[PDB]
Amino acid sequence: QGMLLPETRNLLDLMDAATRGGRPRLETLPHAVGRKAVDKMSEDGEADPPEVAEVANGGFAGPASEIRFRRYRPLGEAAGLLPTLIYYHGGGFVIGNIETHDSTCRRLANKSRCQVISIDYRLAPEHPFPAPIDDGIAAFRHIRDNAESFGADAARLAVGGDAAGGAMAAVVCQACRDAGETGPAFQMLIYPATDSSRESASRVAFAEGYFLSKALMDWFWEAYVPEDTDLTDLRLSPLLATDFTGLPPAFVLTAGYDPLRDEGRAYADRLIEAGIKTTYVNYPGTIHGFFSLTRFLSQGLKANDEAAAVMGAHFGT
């Protein structure tokens, strides 16, 4: 509690005041009902959307449905084929969408001078595991196969995301390597979930009072994962991978008071020791979700900028 930043404590205080005021916790609601309510809050939680050069909306055929996408063209960039980040929003594979991370994607685009393409994958409980990560993989594969159609440089096609979306990005890289196909050139992991098989110290220590609670994580899990599923499944627990060689250069960010902190850092450790170019950063005194809670948390904007800057430097923009 002592290492908590004033802006972080302030937001938590506001949240606590709201709950005691009468605002129902998300885990007490039906998933579809709760989703609609919290997604609007997530939208309002972002900073004002910065202007970009161009925003495109469309969809393509996924494995079992249409997958909607949104492309963001960075200001000042005139090239036809841009280095491109495929972005997967967070929300426990249950909530969130393109709109909940729209401002964040906009800023990432401008700051990195890379195109950003946000993906609207299928959500649980309507489409449980492995449907969401299947869409994520299909989305990368489709955009890769049709890079020029998406205004993308196929040699510099990155994947990334926050939390659950960070997990998805991480799994996409592993899935491609294991399949023996060309994978992403870069992975941007923003406090990703990497281990569903065991509880780290941060998972236990930050179970309550830090926005992302254990009760909420259980609420997510009950919709995402069917009864009796192997928790060591690499699509659920990419951290447990036996081989980390052959994975793309990485940016891995954690938050100091995030339950997912330790397993994020451990994922970075595996990449480093495998000889993969890896950039790891921890933002102390902030919480899970700060990357897109940028109406309340300045640290999130700083994290946006560093992540974009590192990717931008990697791709030489």
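Position 1 is the first residue in the sequence shown; the rest follow in order.
Looking only at CA atoms, which has the higher mean B factor in the entry: 22-30 or 38-46?
Of 38-46 and 22-30, the stretch with the higher C-alpha B-factor average is 22-30.
Got a sec? Mean C-alpha B-factor, which is higher, 144-152 or 99-107?
Mean C-alpha B-factor is greater for 144-152.
Between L260, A268, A61, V281, which one tops the list for Cα B-factor in this entry?
Of the options given, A61 has the highest CA B-factor in the PDB entry.
Selection from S292, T286, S65, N57 [criterion: highest C-alpha temperature factor in the record]
In the PDB entry, the greatest C-alpha B-factor among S292, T286, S65, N57 is found at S65.
What third of its chain's C-alpha B-factors does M188 belong to: lowest, middle or highest?
For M188, whose C-alpha B-factor we compare with every modelled residue in the chain, the answer is the lowest third.
Taking the chain's C-alpha temperature factors as the reference, tell me which third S298 falls into: lowest, middle or highest.
Ranked within chain, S298 CA B lands in the middle tercile.
Among all modelled residues of this chain, ranked by Cα B factor, put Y121 in the bottom, middle or top third, i.e. lowest, middle or highest.
Tercile = middle for this residue's CA B-factor.
B-factor third for the C-alpha atom of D135 within its chain
Middle third - that is where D135 ends up once the chain's C-alpha B-factors are sorted.
Report the third (lowest, middle or highest) to which the CA temperature factor of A201 belongs, ranking only the modelled residues of the same chain.
Middle third.
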